[PDB]
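Included below are structure tokens for two forms of one protein chain, each presented in isolation as structure 1 and structure 2.
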Structure 1
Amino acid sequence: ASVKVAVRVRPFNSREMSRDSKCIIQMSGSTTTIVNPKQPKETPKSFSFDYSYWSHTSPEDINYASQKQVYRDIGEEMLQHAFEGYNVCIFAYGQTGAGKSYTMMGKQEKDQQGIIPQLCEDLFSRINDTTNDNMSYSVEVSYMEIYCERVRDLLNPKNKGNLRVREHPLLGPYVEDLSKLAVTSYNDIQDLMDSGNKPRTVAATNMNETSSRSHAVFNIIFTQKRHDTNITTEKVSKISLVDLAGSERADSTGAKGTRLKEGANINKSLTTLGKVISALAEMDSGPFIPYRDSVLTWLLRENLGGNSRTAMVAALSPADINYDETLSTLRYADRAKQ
């Protein structure tokens, strides 16, 4: 498939604990139902996706959907496509606190590594098994945040907030002066995003709370070079893993505490991405897009191409108090494919 969509509900969080929240999410197979806390006497509204991940309990539960599961379904498939020579893209979408970061990066602790860590590990693991002595590989990485059309290099503490995206007359869009580092091992790449991840939540990020109102993009350019007598062949694929800004922040009217240039940019970004993805889906059903409408869809143009593969995971809170924005996330994920 050219587009894949999954939704994932998490355990109650602290806010939901204090409010004595009831669970309004249910799942069976690839289907998720959502109840209206006001009309609990109703028939839940249903939605179907490629995957409906029930992660509301804990790994102690036999039917808890774990980080390894989510990854073997979505991540593994994408990395395989990447070895074929094609670009891929994984997006985590949802309201602030729903589970986007946990799904993408997760926790360094045993058992909770997100999709990025597992994908990087799987990548070097497959690479190190290459017995063919006529095989050469290169892995370059970039880690950045997109805030109000401005890019912050997460891999370099001495040039942030200011980077701007450009468009090469022939090569495509690119961030000027963005660090792109060649890594030769997993322990190495594991340091870069550990380093990039802390940059995401240092005390200073709470000024504009860029942790939840910016898009975090982890890019990996994977080059494969084959040797045969004589020409050497080269396959280069781009992999973009993204932790989108919060969906409830898509408001550009002042609610609630979110600034105009902030939500405007976020609404525009999530809306455009929605058009691009559904557009890619209508396309793959039968068997040019407004990427310029947002810095995010513009920078990732080549990953949302024609032979590109994309997957999205929409994170969902299970709480009654988040019905509105959770319904809103189901619809958004629903439109992306349907």
Structure 2
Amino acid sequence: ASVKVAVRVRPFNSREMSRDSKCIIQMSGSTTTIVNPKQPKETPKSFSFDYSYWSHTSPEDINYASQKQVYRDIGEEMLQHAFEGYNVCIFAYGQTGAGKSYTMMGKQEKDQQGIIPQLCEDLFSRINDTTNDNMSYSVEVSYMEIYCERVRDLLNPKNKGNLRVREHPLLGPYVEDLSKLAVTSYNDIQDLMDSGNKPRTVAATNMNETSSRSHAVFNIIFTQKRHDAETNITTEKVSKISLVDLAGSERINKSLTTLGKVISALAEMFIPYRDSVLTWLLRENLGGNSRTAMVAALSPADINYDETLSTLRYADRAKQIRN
């Protein structure tokens, strides 16, 4: 099970339009190419991945890769492996402003919902059209924010002490005292999500908007319970689903700086697992038993060459890592 990687170029934003930024990214099939504005003479570097999403224009274009395309490409495939019983993960990596959340959460407003909102809807919908009767499900969600090696229960604002990430002698890492709520409908789960997104570190310098030096981890513990029409035992399947929103790149955020090391290591294959909490919490989902996929968002702007390239490179290695 080799990690699957996809990159995505968004449309110009407020900053870029001011600087009259030219676009340096081009896409064709499964390949992305970036140009060096400083060195327009040499030949642009190319990159081939599982998916190169071109979303620089708008939904009116025939070649715009909408939230539906992304979801159905990776989302529907991971939620699957989740049903086949595997643990799964999807995380958005990249420079801040490149589009990491939009690919994950997006804007509920009219079909803009991203990977998380859509995955849940898909799950709860699958669970329901299951008119079988030997099948019983359960779904428990958790949402947290990891800023400064500090875990924050985004669904229990009442608590302000940073939750302690611990290692179980026999079961692995887990965040002590972390909300784990059962959800019976997508209407119920959608709500919680709405909450957590808000409860997010207000922080400033970001304009008083969900500052992003921390990771928004969205865990979905899906439980399948099959009944054996004879012996009254129930085969219980259990798969964990993590949907991460990594703080921007740009370059302390140990976690990010550490995930790179692991990524690279995984690409060179022991690992500085405990070196960071993000990794530690995603021990398996990162390099253990589970199928992982990363979505690297990319700024089209020429003013972000050194940060767009970098992302292409970290995305590049990720392609290798195999679980």
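Just so we're on the same page, residue numbers count up from 1 along structure 1's sequence. In this text, rigid core is short for the largest set of C-alphas that superpose within 1.5 Å between two forms.
No residue of 69, 30, 271, 33 other than 271 has its CA displaced by 2 Å or more between structures 1 and 2 when the core is superposed. Fitting the two forms on the rigid core leaves the C-alpha of residue 58 displaced by under 2 angstroms between structures 1 and 2. With a cut-off of 2 Å and the rigid core superposed, residue 211 has a Cα displacement that reaches or exceeds the cut-off between structures 1 and 2. When the rigid core is held fixed, the Cα atom of residue 201 travels 2 angstroms or more between structures 1 and 2. On rigid-core superposition between structures 1 and 2, the C-alpha of residue 132 is found to move 1.2 angstrom. The two forms, fitted on their core, place the C-alpha of residue 42 3.4 Å apart, compared between structures 1 and 2. Superposed on the core, the two forms differ at residue 161, whose C-alpha moves 5.4 Å between structures 1 and 2.
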